[PDB]
């Protein structure tokens, strides 16, 4: 039962005490009961705003002390502290302080301490959108140092904002460390409804034409929220299901549109270093504007696909509903074949894997997604399978050469990079082979096609690659038995082609 404990639970408790980190006192240090009633009064609406902000920071500063937090929570003051701050959303300065306070507090498990109201507050602070500067920076710097100390989290001062700290709070509340309590509560009490609605607002603003500031705010507004939605769906089928159902699949509908806008926007803000943009209208690759918007577009993309992966991984209504969105399957394919050439070299690996992974999810069981993909057409115009075989072969060479360059250096650390690029080109070739193999085993017709565009019609170039890939996967330990087994089966199948 709930009172019962296994060895792991007790081992943690005992290890937590013996080798410290938490140097705590259970004793009613009444100095706390003093400090605390003095601070609580500084938080009230009846107080000038700057006095409140400083009272919050001072309270957050004391909360870097595990013993203080413990006494704050043991007296049941947390819900009360945040009730007093429940008007924070109406003031941007106090909103930053309030978000910072709960982030620090969320180092611990707040199952018993946060109430619905305080949870709704933090969601409001996450939805928030936008004179006393030189000591707001001193406050921001103070917050940054607290974040490092309490969470081992290093943030740039440019990221000590309300949107960031509210996001980090919601990620911290729904991490592995936190458990599942708040993943559950965010759903059951309407929290996820509001985060999705916010994603829709932001994504609808990309569809219009807007200036740098408004564009970055739209994108960052979506990402911020998408990352919380990604978090709450990790190992949580309920939340995946809820987000697929909510408002006629609003999240997926908005996500698909967003991904498409992003595909277009990213061309507009090229940061590729091996590129030469013709247009004088397009920002140069080294401008502040370009690395500010372009990075914002990329980050939003990674967030969109992350959510879509979680919704389509095991859930087939998710895959069905996601595949039905006009142009998504096409956009996903473009994320692999086209988008990367408008990104810094370092970022191309991640996007290719994500796009390929999403395609695999969509195509695994959905016949109609399968059909839509094989009949798709793309650039280098050609059919999808043909393009995917090309990507494989292209990347399979890029790899065996990138290893030659680094096999030369070891004898005759530019090799490190060349080795890193070797691995990357292999994994991309691998996922491409895995996708093609998937399409093949679901229909022999596709086998004929891949054979046509395969040198000699010899599938061994794919199967040999997948064997090494499966072996590499078990080095990462990222995939479990079923995953490993089904990859093996794909190798078997292709081996008989």
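Residue numbers count along the first chain shown, from 1.
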Can you count, per the entry, how many deposited residues between residue 423 and residue 424 come without coordinates? Answer none, 1 to 3, 4 to 9, or 10 or more. none
Do any residues of the deposited sequence lie unmodelled between residue 281 and residue 282, and which range holds their number: none, 1 to 3, 4 to 9, or 10 or more? none
Return whichever of 360-368 and 244-252 has the greater mean Cα B factor according to the PDB record. 360-368
Of 293-301 and 106-114, the stretch with the higher mean C-alpha B-factor in the deposited entry is 293-301
Just to confirm, going by the entry's C-alpha B-factors, which of 184, 168, 209, 204 comes out highest? 209
Among 162, 137, 315, 84, the highest C-alpha B-factor in the PDB entry belongs to 137
Hey, what third does residue 74 fall into on Cα B-factor, ranked over its chain? highest
Hey, what third does residue 145 fall into on Cα B-factor, ranked over its chain? middle
Considering every modelled residue of the chain and its Cα B-factor in the PDB entry, is residue 330 in the lowest, middle or highest third? lowest
Taking the C-alpha B-factors as the PDB entry records them, is residue 285 in the lowest, middle or highest third of its chain? highest
Ranking every modelled residue in this chain by its Cα temperature factor as given in the entry, which third contains residue 273? highest
